[PDB]
């Protein structure tokens, strides 16, 4: 075969060559030392990794049996909690402590703003994401439904000046709200000059300054005639571009062309739930993009990474603001193996261990000058998001895994920082202990609420039928879970030190709703929350201007707003909650969601994209939504809500629907009418019917297997 032998390992040639020829040069790490380190880290940590997974199996088995020796319905909370305690699921809270993480960048410790997540396998999206640090507010307002397409203000093939005027007025009002004038309104401004180092705004009757002069951050061009004016509010920059000779500028009363918002302050380059990668060839594509990102030289077809932005300080001197979001990388979690490396017995190597070694190695390039200044962390950290951990022993393992990798890479200890996803129940209920296990590495906690819902369903699979998917977002457990996350963070001293993050808005086209509703996240003390696109980053940024996150977090200090009983309130459906037609649309909804996502995953290897749902609402969802949908259907089938023919009929009904929605594509092979000849259709069916039997309801084992099958089939 085509592998390279290194001690006990057999490494796929593509990955071996990539590491040697692309990743290693420039690092000063000796190739022989690196590979021997890989072999030794893998040898030392593999049995512990496996034991952690066995522990999940043991715990879930005990829970399944507890429910199966079932009473007559309502759960006895005191008994249940005592049970969780006795089996080591629910562990004691450690005493109060404060995190000690150092060498973290201001983007994480201090700045509250949007956090963008993007599939690393897509080079052009990853590039747009890195550049999303700065975004046009005019484009984001004009191009979405935040400005209502009413009579007269609708989007056409050419610019609609009536709609344009609304965009302008929306932005003026934002300016008045965020950086107030001493008197008057930006709506009445006729010009901007800089005089003796202070901003002067001409009104039609007089001139005025900012109510708070300190919000004047800089400018470009001559002071007497600046091309732009830079402001700051709540640590976020706003830049008024001034150009009377432009399409929009000629219409504006002050010659204003656009308002640019500092938007995606950080971006997560994703190797996990938003990509499909099932072998070395797939991993390498991802590693190569992550490499191009850190070196500054990634470029896509049809392009490049933005340079830093130049300004003149009011006081007088040239300075620079970052032109890119600070980049995290999301590694895969502890579950999966990947044949990119096998051992001598032919066993696949743990993929999470590989990601640490390789994304860790590659990240070193972002700590040094690109060939321009260094791309990423100026304070010397590597930021890794670690998803899907179950409890504090699993966090401690990641800690030791990073420590060992730091040794192999010749990096100082604690260089590799951890963004902890709070997205599994055993982590939620032991959160304080989970943070403590990462006390000198943690840079965020985040409520990954979609995965969290999946785990909620799987954990209590045998308890009874669960409420519908759309109901989950408002169940007591999840609300308690959101508050409990913030409390634990603030109490560990995250304020000023680490991000307290919240979850993804998935409805990419429903931007007016996002602007209206996602404001609840910073209001809840979240210093960050996830957005699916640069456009969504720009709009979510509005929320950080209206909400003083720092102040909100100070007010929340010391409070305990969720009990363990609330956390443990299983989302069981009640007596006769649904009519026949309600059950049927919930089934169709889920079968459509599964099919539309799985067909692109297995056939084209796309792990995330805009997928229209049943009512054609565009959704940017990923593997976690699949986890929920398959687990819910498995749960309804398990408890007799629906029959196996119900499931079949719905799959078979929804399948041509999906073929139609994707009739546009060219690599698309239709599932109907020969369903059993469709590897994707079979994968979809398997995720439901075998769903209850997947470890913690995870979808990767079925998905990886079927994608690999498809790839193999398309080669004979």
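Numbering follows the first chain given and starts at 1. Rigid core: the largest C-alpha set superposing within 1.5 Å between the two forms.
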item: Greatest C-alpha divergence in 6 other deposited structures of this protein once each structure is fitted on the rigid core, 208-216 or 434-442; value: 208-216
item: Stretch farther from the shown model on average in 6 other deposited structures of this protein, with CA RMS computed after core superposition (141-149, 313-321); value: 313-321
item: At least a third of other PDB entries omit residue 180; value: no
item: Residue 665 dropped in a third or more of the other entries; value: yes
item: Between residue 302 and residue 303 - deposited residues without coordinates, as a size class; value: 4 to 9
item: Missing from the model but present in the deposited sequence, between residue 371 and residue 372; value: 1 to 3
item: Of 569-577 and 448-456, the one with larger mean CA B-factor; value: 569-577
item: Stretch with the greater mean C-alpha B-factor as recorded in the entry, comparing 311-319 against 119-127; value: 311-319
item: Given 635, 629, 535, 101, the residue at which the Cα B factor reaches its maximum; value: 101
item: Selection by C-alpha B-factor (highest) of 424, 149, 273, 139; value: 149
item: Within-chain third of residue 660 by Cα B-factor, per the entry; value: highest
item: Relative C-alpha B-factor of residue 89, binned into the chain's lowest, middle or highest third; value: middle
item: Third of the chain's Cα B-factor distribution that residue 380 belongs to, per the entry; value: lowest
item: Lowest, middle or highest third - CA B-factor, residue 354; value: lowest
item: Chain thirds of CA B-factor: placement of residue 83; value: middle
